[PDB]
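Next up: a single chain in structure tokens, the form deposited in one PDB entry.
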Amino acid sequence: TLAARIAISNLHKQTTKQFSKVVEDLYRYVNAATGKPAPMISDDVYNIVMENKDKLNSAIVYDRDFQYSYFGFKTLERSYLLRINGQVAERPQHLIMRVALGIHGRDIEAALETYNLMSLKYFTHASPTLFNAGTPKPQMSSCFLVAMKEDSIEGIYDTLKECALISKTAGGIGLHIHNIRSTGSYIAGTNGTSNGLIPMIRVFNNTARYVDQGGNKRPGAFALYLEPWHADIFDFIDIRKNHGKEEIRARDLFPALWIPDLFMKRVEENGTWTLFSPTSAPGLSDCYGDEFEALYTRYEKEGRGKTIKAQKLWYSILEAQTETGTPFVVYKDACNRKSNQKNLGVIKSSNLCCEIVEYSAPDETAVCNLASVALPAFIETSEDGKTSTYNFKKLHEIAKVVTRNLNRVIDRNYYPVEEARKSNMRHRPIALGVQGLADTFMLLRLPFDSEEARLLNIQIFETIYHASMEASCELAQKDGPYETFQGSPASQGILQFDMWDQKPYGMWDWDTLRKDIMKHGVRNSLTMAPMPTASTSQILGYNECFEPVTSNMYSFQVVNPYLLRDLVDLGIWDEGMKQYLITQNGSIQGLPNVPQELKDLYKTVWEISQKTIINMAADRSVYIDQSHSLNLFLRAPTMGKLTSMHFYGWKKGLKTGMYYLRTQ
């Protein structure tokens, strides 16, 4: 609580103050053990700082280093602040300014604006952008979607190499493997027999452990995508199980289902499902919707696969999620039907955290650059105040700033492999998200499940999508649309919510925007993909992304600051209530002397109906370009509950039915 203004003070004492000097130290750094010059700032950002040192040096407000809570600062200290000899060289303000310069280059005024907005916590960029912006090979991208190059040892190992090269410089990976022939399929060149996915997965698994994001940084992180008809599907979904048969597990990877509607239809009808090897039943990953169903159905009649009962696979899916939190679930038809990149071809996968939906192929590895807007920063106490209100106007303004940021990142990025550069330069996607929706709702006195919260959620996501497309239309006016604009839904005036066949809420003028996009283009094929903010939310001191809090009382013991305020304000906060909190896993329900309104406001995710989560996810989804990383939380899980959740999500038209399933 106070140990923050204590440990930040210590860094100040143990660090150089003047920004242009820290930059000098970074830039002139030599790796001692090898005596090699190891500059930690690009030449270009170095020169820019030296030619602007007074302006740059004087713009920085180090008081702002005290915006960070204790965990936030320590998060910054451990992994983000550049170090010289195991000693931290950057103060948080310094990091921020390096990033704003990393992103903006010669445009100093744009860099100053980003410095102010980030230092004041209106928004942040994703971890890799913070780690690497303004450094010599700035790999600022968070996400890569990799296509298995070919069903051959040559393509498998070309793919493995690619993944290694990517993991080297710190992305997370989604990799689709639908085209690999299954167990027992014939191998012609040697008259042999395939052992299927598992032994191939195990090679990728080891690669992930080996290539730890730059040498002792973080284990490689790959999610694998598979359509539920693949004949190896039962072992794939179990890849994370704790119990026996070590040679058949792949514990360092994450399995994801790329589900066609037909699977769901068959599950609900209590029908049959057919398992195929892709050699016997080709092209299934390369179509979707009615076209997929006609193709699948024919192959199924032609006897080309093995028939089981659908509900047998399902029950196994459900078992695996209950035990491991995986596999993830992303609906292939929804993704494909409702994607502005549909003119590129069929989208075969999502990504490590199920927010990105972008087209990939053997020659194109889809990329995304991310940032998240801090939703609390736009609450103003009103002019009388106390009403508090929500400044949608400023939100719109900042989302436009961040849009332009993520666009510069595209052009200034170092891409690990050529397949990533080719994709990104062509198609130009970007990913805006949010953090602290829970905090916003709290501050404003709205319960998560309330109709008021429902409305705010809709308006926030409408404003972010509108702002991002407005900014992207602006950039297309200056710089031209992205190469692949023509033929896109957006070129026809079909925007995300149109694809859900809905009217927009209408807080913004979508018609003028649409008129404008049709005439001038947009600069980015996609703009929205709300992400977990698993790390960045913790730097800023807010609840991750768009989920309710999991607990009003984490563990160092820290009680929800909004709840604490309230308890003291009511003459009820004593030792007998702090007790009823570490024991109650952070709940206040049923608790004796506590007003109903606080109970309704400080509900945990474990106490909110997942029908409420799904509904709200489905509401904002009309304003999301890509998808979003929808964690599901079940207290006492049953197959019946799990089933109704997936199905409710599925019939709502979600793209990401489920990220992790969390239990207790």
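Just count from 1 along the sequence shown to find any residue number.
We do not show the form deposited with a partner chain bound, though everything after this point is about it.
Mapping the unseen interface onto this chain, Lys17 falls outside it, with no heavy atom inside 4.5 Å of the partner chain in the deposited complex. Proximity of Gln610 to the partner chain in the deposited complex falls within the 4.5 Å heavy atom cutoff. Though the partner is left out of this view, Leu634 does reach within 4.5 Å of the partner chain in the deposited complex, counting heavy atoms only. Taking the partner from the other structure, the partner chain in the deposited complex has a heavy atom within 4.5 Å of a heavy atom of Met645. The chain is drawn here without the partner chain; in the deposited complex, the stretch among 594-602, 59-67, 634-642, 46-54 whose residues come within 4.5 Å of it by any heavy atom is 634-642.
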